[PDB]
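Colleague: Once you know that position 9 of the sequence shown is 139 in the numbering used here, the rest is easy, because the numbers rise by one and skip nothing.
By construction, the Cβ of each residue, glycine as well, lies at the ideal position given by its N, Cα and C atoms.
Got a structure for you, written out below as structure tokens; questions coming shortly.
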Amino acid sequence: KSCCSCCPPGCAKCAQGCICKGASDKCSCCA
Ligand SMILES: [Cd+2]
Ligand SMILES: [Cd+2]
Ligand SMILES: [Cd+2]
Ligand SMILES: [Cd+2]
């Protein structure tokens with residue numbers, strides 16, 4: 131399971147609880 135749709139199963143900003151929230155299709159914590 132990924133955790134979001136703005137970061138694939140290989141992001142280096144979602145290895146400590148998906149922080150991507152408040153923006154769909156894009157984020158600002160892994161941008
Ligand atoms: Cd994301
Ligand atoms: Cd991420
Ligand atoms: Cd995530
Ligand atoms: Cd993010």
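On a Cα-Cα basis, can you pick out the residue from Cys133, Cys141, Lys131 and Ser132 that is closest to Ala161?
Modeller: Residue mapping note: residue 161 aligns to position 31 of the sequence shown, counting from 1. Nearest option by C-alpha distance: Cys141.
Colleague: Quick check: is any heavy atom of ligand 4 less than 7 Å from the C-beta of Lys131?
Modeller: Locating residue 131 in the sequence shown gives position 1, where the first residue counts as 1. No, since every heavy atom of ligand 4 falls outside the 7 Å radius drawn around the Cβ of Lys131.
Colleague: Nearest-angstrom Cα distance between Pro139 and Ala153?
Modeller: Here residue 139 refers to the residue found at position 9 of the sequence shown. Here residue 153 refers to the residue found at position 23 of the sequence shown. Taking the straight line joining both Cα atoms gives about 18 Å.
Colleague: Assuming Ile149 and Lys143 form a contact by the criterion Cβ under 8 Å, report the distance between their Cβ atoms to the nearest whole angstrom.
Modeller: In the sequence shown, counting from the first residue as 1, residue 149 sits at position 19. In the sequence shown, counting from the first residue as 1, residue 143 sits at position 13. About 7 Å; that satisfies the 8 Å criterion.
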